[PDB]
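When a ligand or atom number is given, it counts from 1 through the structure's own listing order. Side chains included, hydrogens not; waters and symmetry mates left out as well; all remaining heavy atoms used. Throughout, a chain's letter reflects where its sequence line sits, starting with A, and its residues are numbered from 1.
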Amino acid sequence: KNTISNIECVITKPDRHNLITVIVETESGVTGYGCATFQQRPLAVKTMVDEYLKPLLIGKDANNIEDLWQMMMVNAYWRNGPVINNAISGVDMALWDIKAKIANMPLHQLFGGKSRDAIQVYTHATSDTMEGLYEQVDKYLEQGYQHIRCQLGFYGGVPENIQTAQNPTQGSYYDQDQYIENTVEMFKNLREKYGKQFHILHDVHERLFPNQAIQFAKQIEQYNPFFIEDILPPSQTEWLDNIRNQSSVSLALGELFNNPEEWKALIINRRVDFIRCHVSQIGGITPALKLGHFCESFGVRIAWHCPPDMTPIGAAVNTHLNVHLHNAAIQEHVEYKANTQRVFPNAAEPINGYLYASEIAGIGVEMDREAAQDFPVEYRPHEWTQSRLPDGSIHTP
Amino acid sequence: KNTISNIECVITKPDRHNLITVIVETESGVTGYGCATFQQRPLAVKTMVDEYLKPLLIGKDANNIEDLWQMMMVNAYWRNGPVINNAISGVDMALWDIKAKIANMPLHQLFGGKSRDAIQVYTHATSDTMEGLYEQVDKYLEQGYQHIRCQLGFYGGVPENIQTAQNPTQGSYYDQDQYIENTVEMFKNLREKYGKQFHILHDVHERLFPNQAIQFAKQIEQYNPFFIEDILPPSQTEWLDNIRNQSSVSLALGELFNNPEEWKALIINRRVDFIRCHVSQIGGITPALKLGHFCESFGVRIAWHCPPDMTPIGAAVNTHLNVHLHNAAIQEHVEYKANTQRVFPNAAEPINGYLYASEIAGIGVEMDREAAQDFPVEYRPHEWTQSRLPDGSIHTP
Amino acid sequence: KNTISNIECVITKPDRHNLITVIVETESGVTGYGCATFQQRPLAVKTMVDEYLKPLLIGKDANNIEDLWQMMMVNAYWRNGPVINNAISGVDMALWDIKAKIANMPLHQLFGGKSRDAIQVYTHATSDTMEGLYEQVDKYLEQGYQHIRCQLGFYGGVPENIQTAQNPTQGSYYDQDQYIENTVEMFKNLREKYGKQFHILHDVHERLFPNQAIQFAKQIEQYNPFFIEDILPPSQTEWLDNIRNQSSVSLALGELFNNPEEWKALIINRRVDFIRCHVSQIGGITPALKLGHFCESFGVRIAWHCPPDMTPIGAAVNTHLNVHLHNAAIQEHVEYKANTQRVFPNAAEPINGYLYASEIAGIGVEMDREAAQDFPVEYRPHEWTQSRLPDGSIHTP
Amino acid sequence: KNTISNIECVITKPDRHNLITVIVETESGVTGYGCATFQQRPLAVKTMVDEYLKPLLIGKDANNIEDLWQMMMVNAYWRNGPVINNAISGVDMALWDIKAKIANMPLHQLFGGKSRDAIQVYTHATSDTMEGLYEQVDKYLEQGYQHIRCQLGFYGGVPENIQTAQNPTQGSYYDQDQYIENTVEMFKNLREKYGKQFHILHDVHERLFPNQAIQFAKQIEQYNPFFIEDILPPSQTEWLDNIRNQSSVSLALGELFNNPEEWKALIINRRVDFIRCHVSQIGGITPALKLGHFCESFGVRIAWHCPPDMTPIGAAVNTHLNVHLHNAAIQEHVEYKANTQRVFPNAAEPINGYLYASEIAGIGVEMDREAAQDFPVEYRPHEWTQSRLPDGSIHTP
Amino acid sequence: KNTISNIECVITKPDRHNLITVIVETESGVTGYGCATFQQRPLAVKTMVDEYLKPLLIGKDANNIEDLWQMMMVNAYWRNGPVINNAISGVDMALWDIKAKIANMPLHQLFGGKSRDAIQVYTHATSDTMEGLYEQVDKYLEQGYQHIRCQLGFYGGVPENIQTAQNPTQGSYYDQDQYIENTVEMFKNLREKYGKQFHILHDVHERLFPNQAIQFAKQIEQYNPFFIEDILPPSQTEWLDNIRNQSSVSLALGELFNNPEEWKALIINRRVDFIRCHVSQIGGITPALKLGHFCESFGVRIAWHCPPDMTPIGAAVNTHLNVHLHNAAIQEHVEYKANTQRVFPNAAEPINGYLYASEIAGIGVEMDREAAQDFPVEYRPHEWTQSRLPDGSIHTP
Ligand SMILES: [Cl-]
Ligand SMILES: [Cl-]
Ligand SMILES: [Cl-]
Ligand SMILES: [Cl-]
Ligand SMILES: [Cl-]
Ligand SMILES: [Cl-]
Ligand SMILES: [Cl-]
Ligand SMILES: [Mg+2]
Ligand SMILES: [Mg+2]
Ligand SMILES: [Mg+2]
Ligand SMILES: [Mg+2]
Ligand SMILES: [Mg+2]
Ligand SMILES: [Mg+2]
């Protein structure tokens, strides 16, 4: 047995985002690290770990990750959701980290090994002008990326060019029709300039109503996007049947998921082509493996959410999952800055459009705890989540 | 308790339509006003209120709108339908008016308050020529409207350019193919001239057979109408699945509904994008709130029917519902003439494409009883409802 | 407008449970109180309110509850789940409390009034012997209760009479077959002694596997329980189809729900007869009203979860919902003790099997903030949630 | 890398069945052992390993079990089926053995560790009389078993009490009605004598036509069998819907499966409560983990086939899977005789109704190569598979 | 009775492929020949026949083909799959040959005679250039073929112009996008040059993911291919519904099938227009007839797989089945080489686009036993089955 001797939760903001790490110490002296990053509510996740998971977990056998996951998930009776799941994810990843270290193996080797040499990577280009897009796309192409998520225009902030009511309620405003029009124009221009040079992805980020999504699918399907992401919010994915029945568009969805009821009908009915779950939002590696296998039976492929608001520990974990799970398709990546790299040393970066899994024992990335102390948590409003349509209505952000 | 002391029903015809208002007096001294407008059969609604609802309601507690509504709906054993529901609606709306006045709140604040600053508005442009259309559209755009329901041609009357049988039966004649041809051409012409300057709506008004409706949807989907309204009659909406499976066209339906069985399967199967119910036809505010909530769970949005054959009291009520219900989308424009404005003082008018909810206590619009007496009920035959196809057969009007 | 001036969150444990109250102060000087009680993780809910909802909400208009609810729900981007929802519920209830106070009306009158005189109530009898059950049942019957949830045996703790593995993992042990056998025997004995004197309810509390649930339904259906509650866990309710296809048993489910995807298919497919949601777990009054209306269209009735781990504020709120919503069926009740009554004065208690809604302005129950300070939060392990079957497996608790 | 240096396949018959072991040697010096037992066609599996899998695998990296499995499955283009899957299983299991040995962990710890302390076990009682049954049951109960699979009568052989045609075709005869009659009587008798003392299982072994299966389910459901196994053959499992819609009987199925199309719709439609796959028939540990996860999402539990025609290596593997997979339920008992114990040293035996996973590195059971050579393959005709009904027609055996 | 006196299995490789023939001798002195060709695993098939089917079959009555098939199929208990089915097929075909020889009739006359004069034939044109394709196409049209399966490019081998990971794992590489692009261009060019001169077929050979298949279907439907073959792998055919709901493309699938669960739902749901099964893979003539009839009821037509890896005996059998079964559509043919013709004399060749059934007694084609000895089995690694995507992942080959 390997008895858990401590549980710690650290919030660090080396750069733009409040990142959250969980650290598990064991009587073997082997230490694990995991990602619990829910950037919008980090103090809630920390409270959850410090006040509840810690006294629950100290004294228990770290070897039995599966029991610990099943036990943790139901421990508050009420369950699922972002605060509990991220806290559990932090522990779950750290426990797998310890197991891999004790096995003296890279994490993906514990799983049963590689099913691919490395995972393909897509990056992000966003500009308010086509010329600006071209500038970023050109750089990415020169670096060997073959997949780029492109966006024309920025959506939010003050309603400068939007016909609102007289005294619009405070919020981040956009117009769905302007957004649709700019996006179609973007695809048309990118295909005219670049042809089939690279794969174009685009993130709808739940901006649209169902009728707008169906129209939009028919408008861009001719451009064969690698995928169109979050074309609807999680609560309206039954409307995907309307799209799947009449459009060939490739669809990805699910970074928002933190309850299994959100994805089961989605996958069984083949409503998307790629699942986009944020691994820490679904409770860590343990459920990620199961969900990977579930998708596989239905022919659904995997593109785990990999935003900047996630530790490099979490990213390395996703790369281990991505080189192992046969139905993994692509990894999202954004560049790390120097502070982040200092707090989380040895974070892999894409090489010629590929991310390579770590080959040392464990996850392969840890947190430098002294460095992390230099960057304490900092309150952020996240004003973009107060997203409003011209009439002042809230829309899923 | 707030005991009901009197119930009255007034039919008034300030301008082109017979309007119906129910007036509820209480022992608190607070009076409520409601819309019961079924313009085609007004004496029947008045008989229903005066002879049956009045002796039922006098003496009962106006506070308990929900009990009174559930009780009223089943009071005749047989139920649903346009005459009973309209009479009940008049009472139901007046009871809400009373409750809001006693609470000293605008009606929408009772409901739980605003979910938007104001509701967007669409107006109506109809002409026998394109230039006549352009004339009306230019005027509306200049007034700030962003949504216009357009129709080229008038359909009905003597069969002048229509090959009928030798001695055609008396009726109001049209040719469905001429109607389709003109409407497709109209859409084409408007997009050429105006591009994406405004949202174009069109009301099919149940003119078509299902195969025609399906053909029409494929013919106009490319023009992205904001919605195509009543593309089928209420009894044939299962045919919408054929449309939904192969077309992206945005659909609205339901102004004719007066029985819940007409809408449940519609909404459950996502057969339309907007519900168009006439609030008084479904029994008033009480069922309108439930239906709005019902639609919201399925992702269906709301565009309550707001024709000229409705009191300004009913319009105000609809704007109260529209600024409250989160899934409300748009409100139909009704320009009020001098006589109607005198009978129903303080009726809101759109300002720069928006209708604003009233902010005084209650509904915010009452009927001037003296002014209404000046304009008594007048029989109208509504010949357009005897709608006939070229072979002389009735079609749903 | 009524600007929010403060937001406070208090945890108090006057008796057995950590209760959580949210208090909203406004520039009008009118103060609201709401329930945010997630007893197993109270510090997490408090963190959520103090650190996040408070700076978000101060300065905003308390009148617009609907916008504030829609805005709050999506404010962390990721959403749903027990920690966020309870925090939002606390604010939502307090906002309705303020609106009712300003309207000078009892909460249920804001909603549209009563649809019943009072709500029927069921209470709880639990013993390890039939004789002990009879003793409690006899008292309840004498007090006028007509509905009693009965349980024979206590399930959990050390595996004294259970054949486990040699060195069973620490946990709370029970045997599903012993539990089934005791429960069937209980119903058989109660019907033999009491006949149809009262309505018997029973809470399966997700103890069973699907095959056991189906067997159990067929075993007790002859006893016509008023309902059998939580016969399956939330993740396995599709298995209810097997039961609904072959058994007449009345079913209730849903106290665990905190994501709408958990209940939509459940209700649309008529898989249960009563919905059991914990109002604070689903985000407060605002979504409770909508869910009430949703259920109503499908003929599903309401029995909101009313456990001891909920403030009397929350209970009074449920009674307001129960006398208003036409499809409300029954209210669960457990007696308050003197400390709890001191901290939450004027809490209604059942009278002859009925709970009467409060008739003063507002919710009708507040928290005495000095009294609450006498009873600070106290860590509880809740060892019963580590529920294990004889082989040491975790089972949903 | 850990390069494969040799692949061997040994058929050994220590006792009643031809057993098949695959042995994988690597350059690390670490040797793996796996089960490839298809007892009816052992020379075919050995040809498959020796002639095709050996030259394919030598030189490749044993670490990457997942790639090797995906590659092996499609290597012959045509795929699935009992000969190929068993050969692949032998390799797959040996590769997992190797990985666990290198990690210096018991196999189940690699997977993520335990979710139960040990797995419950059922044994088998079969006799031509009830008293003979009682004899075996009494012995098993006294040994600590709580689950016994019971069968009254032996079915097959010469048609002694069976009205066949004049000159019946050579085969193993039985009468389905005699079988049903004896089994119903057996259940009745066991419940009268033993009541609820133990769980009774029964294996129908695809003996019945669908109308017989449905009749039988209704006849024995009252006796609450722990499961009724293989009530239909694999090709007729859609007939299970008729059973599921009207009966509570608990069902197990799937020992015959060797193609995923055989189980997907089964599990998706909840047609059984327990999956019974033979791990080597589905291709080894790698697909067994995925299938367990797949079943878990649908609430289906696992009872892998553990017959005597399987190596103790395969049994140990199944116990490793059974203590890991949370939805594992029970393991079939196989008493090992002296010769088999010598060939496969250290095979676990049930202790008080439980099988405990091995705790040394690797699978924990190997084959003694010298001992196995003592017991070479011996042809068996397995006459029972020529199973005939009274009219002389083949029925699935 | 016609007692089986011997069973033999000969592997012969006169040209590029290991071919497998089963020979059945009877006491009548009449000898039958059948195809058991599974070219990738021939030694496993031969073991199956020699070690198991032979001692099973000798002594039994060859007259009763139906019983012999039902008996053979379940004789190993576990069943279906390519090794067992091919062995059984060789026997089944030889028995049908024997029966037809005894009746002194061509095989298809046994079945009930011709339903057509002859079967239309398609050939294969494949090249890395369009002009290379044109030469082959031109050759075929001159010979009277009216159907040609066309392929531009060769896919596999070393990843020369493919961006792989740094050290790509050994395998046969292709890029799906490159393949789709070339194939779409091929269709475009062929229709430009040839118009509707001939029917163009194309074999996707399970190279694509579902989202790619759906895109491809929409890209080529305008070119009206006679059929697009194997657009998905057998385990993913439920994705065909997405294609069938939005595309008019003609589809064929099934050469991989060796388990009826692979085809039933496929055909019941009309997911393909042509079934493509390999007759020996499904177990011979006996199940080919039933499957032909099953398809016919559903309106599905037959294009049995007729690759070079099949004996001319098996090809003759397919022509007998094709002139008999009313729903047979077309026969694939590859030109025979001289050594193959020597070993299997008198094999029919297409004449002006038609294949004519043999008119002598029996199948019409036998194996020259002495000639076959000149060409013993030779190992081949079939490296193309290790098909990898650019990232190193195995894809179904
Ligand atoms: Cl921010
Ligand atoms: Cl808007
Ligand atoms: Cl008129
Ligand atoms: Cl406790
Ligand atoms: Cl157990
Ligand atoms: Cl035998
Ligand atoms: Cl096989
Ligand atoms: Mg995204
Ligand atoms: Mg209309
Ligand atoms: Mg409960
Ligand atoms: Mg069995
Ligand atoms: Mg092919
Ligand atoms: Mg379609």
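Each of C/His205, C/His202, C/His124 was scored for a side chain to side chain contact (heavy atoms under 4.5 Å, CB included) with C/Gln151, with one residue passing: C/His202.
By the side-chain contact (heavy atoms from CB on, under 4.5 Å) test, B/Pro350 is found to be paired with B/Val121, B/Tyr145, B/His333, B/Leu355, residues two or more places apart in sequence or in another chain being considered. With sequence neighbours excluded, no residue satisfies salt bridge (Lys or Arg N to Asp or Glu O under 4.0 Å) with C/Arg301. Every residue two or more places apart in sequence or in another chain was checked for a side chain to side chain donor-acceptor pair (under 3.5 Å) with B/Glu296, and none qualifies.
Distances from the Mg ion (ligand 10) under 2.8 Å pick out these protein N/O/S atoms: C/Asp203 OD2, C/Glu229 OE2, C/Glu255 OE1.
Separating the CG atom in C/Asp230 from the CZ atom in C/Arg276 is a distance of 7.0 Å, to the nearest 0.5 Å.
Both the sub-6.0 Å distance and the 45° axial angle are satisfied by A/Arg207 relative to the ring of A/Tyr179.
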